[PDB]
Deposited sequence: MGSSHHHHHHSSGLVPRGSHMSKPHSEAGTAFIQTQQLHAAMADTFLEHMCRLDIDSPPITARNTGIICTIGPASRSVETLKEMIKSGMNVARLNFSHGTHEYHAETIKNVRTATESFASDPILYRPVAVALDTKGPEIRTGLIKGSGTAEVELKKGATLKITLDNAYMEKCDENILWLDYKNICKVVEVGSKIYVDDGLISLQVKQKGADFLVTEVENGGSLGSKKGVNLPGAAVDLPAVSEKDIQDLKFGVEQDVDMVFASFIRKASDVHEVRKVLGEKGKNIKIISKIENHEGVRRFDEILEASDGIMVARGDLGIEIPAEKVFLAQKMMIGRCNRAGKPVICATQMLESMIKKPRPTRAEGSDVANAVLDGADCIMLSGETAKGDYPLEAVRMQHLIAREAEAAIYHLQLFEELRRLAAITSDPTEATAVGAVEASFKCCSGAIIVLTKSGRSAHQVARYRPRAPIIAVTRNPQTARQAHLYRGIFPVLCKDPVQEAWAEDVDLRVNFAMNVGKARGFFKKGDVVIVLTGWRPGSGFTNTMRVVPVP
């Protein structure tokens, strides 16, 4: 009571659960929702990236709609330089994933040399870098009603600021282009952790991305970005082929009526939760913070409601890439997400996730849901999960516990990819593998304990749930008290 919105947590109805929400009930220290940040001129710097990690960044998203492979290579180097500067203290080290966002079948403008419009759309490539208030270039070859309205820069253009390489939307380009082929091949070379595939329209599109990543990138998680009507209508087949989903609201809000976007968002988040696959809510969550240090009330509400919807990650696309207040934007998402995680009606969520879950003979699945139930019974400070591939941690997150899921791994890629799942706080263990299997299992558990104690996830008198295996397929649950 008076903490973690626990009074609201015990209500017999969702209506009373709302009525008991208390701004004076402080949340726990731990924050479950992963934060993805688009890197750009305002945040490419190593000094900024270090502070962005401390502010809550978990995934660095690189939009390959602009920039050369050389440019992104230096960005990744800076990201990894900032990340590895905390490796001197493995208790406080934070794994940071690198995400590749494809250009996709996008129609883009050219370079300004931005300008304020209060316009001849050329297709001659001599203006492919000479665009401005009067000139503007376009890249769609198979282009040609008289053509009434053309939406530029996420439908912004009415006058405004027209930047370089802005987007154009027409509510037959290939799913993956050769330029796309290159970027993922480059992403495989740079050992990125995940791929954000733009404008995925069908399941065949997802299979093409996987073939390109091939055996070399077989562990690269493919997150399909639903940005248009076709993606929504074929969502089920896209989700089955993908490792996760991004609700790309920017383009989606242009391709489909703006008043329907919340329907598509809640549909995809629900189905991803139902499938136990990660879902990302993206774009314009804190749009005004590009120029202002404080978000609007609608922006604060959007982030909170995305977490309440069940989103695994929330994104900043330009608030961190080019805005004037990148650190504040990340901190705001951290603050809002933590408050919203406490406001989740876990009583109903856990019940429906279980009732919608299949009866299986898999010991790990039964063990994971048992750990989540136990963590509710004792209001656990954490669920510690030992995992090599991440699956054990993913299975716990799918049942959406209140307590944070501390995944201990020796696999760095597994550690970085874990950010895709709500509640997984990955820790990279660096102690040598013990020759005795039980002692190596135990060794990683004490590692998770020390991180949780140091970060303030739990204290003396709390209780934690520990998930391990029994043979050299995690099937062992231990309820141990925190010293």
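* Parts of the chain sequence, as deposited, that carry no C-alpha coordinates in this structure -> Going by the record, the segments left unmodelled (no C-alpha atoms) fall at 1-32, 146-150, 156-159, 186-188, 202-218, 233-236, 538-540.
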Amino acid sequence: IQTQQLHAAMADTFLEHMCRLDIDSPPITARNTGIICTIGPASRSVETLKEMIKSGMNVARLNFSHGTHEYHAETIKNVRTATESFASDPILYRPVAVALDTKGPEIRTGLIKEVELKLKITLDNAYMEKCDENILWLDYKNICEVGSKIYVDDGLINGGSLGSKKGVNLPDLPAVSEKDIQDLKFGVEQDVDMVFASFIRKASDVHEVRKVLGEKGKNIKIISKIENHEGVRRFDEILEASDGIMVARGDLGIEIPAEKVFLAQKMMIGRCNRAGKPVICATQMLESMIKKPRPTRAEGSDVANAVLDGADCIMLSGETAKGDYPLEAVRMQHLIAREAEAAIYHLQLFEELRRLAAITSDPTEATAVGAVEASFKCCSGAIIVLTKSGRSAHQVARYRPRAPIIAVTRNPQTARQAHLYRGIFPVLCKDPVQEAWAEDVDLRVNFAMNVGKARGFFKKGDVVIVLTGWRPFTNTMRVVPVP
From here on, numbers count along this sequence of modelled residues.
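* Averaging the C-alpha B factors as listed in the entry, name the stretch that ends up higher: 179-187 or 271-279. => Here the higher of the two C-alpha B-factor means belongs to 179-187.
* **333-341 versus 75-83 - which carries the larger mean C-alpha B factor in the record** => Of 75-83 and 333-341, the stretch with the higher C-alpha B-factor average is 75-83.
* Member of 404, 90, 390, 250 with the greatest C-alpha B factor (per the PDB record) -> Of 404, 90, 390, 250, 90 has the highest C-alpha B-factor.
* With respect to the C-alpha temperature factors reported in the PDB entry, which of 395, 375, 148, 305 ranks highest? -> In the PDB entry, the greatest C-alpha B-factor among 395, 375, 148, 305 is found at 148.
* Asked: According to the PDB entry, is the CA B factor of residue 432 in the bottom, middle or top third of its chain, that is, lowest, middle or highest?
  -> Ranked within chain, residue 432 CA B lands in the highest tercile.
* Asked: By the record's CA B-factor, is residue 34 among the lowest, middle or highest third of residues in the chain?
  -> Lowest third.
* Grab the CA temperature factor for residue 101 from the record and place it in the lowest, middle or highest third of its chain. => Ranked within chain, residue 101 CA B lands in the middle tercile.
* Going by the recorded CA B-factors, say which third of the chain residue 421 sits in, lowest, middle or highest. => Lowest third, going by the recorded CA B-factors of the chain.
* Would you mind checking where the Cα B-factor of residue 450 ranks among the modelled residues of its chain, as the lowest, middle or highest third? => Middle third, going by the recorded CA B-factors of the chain.
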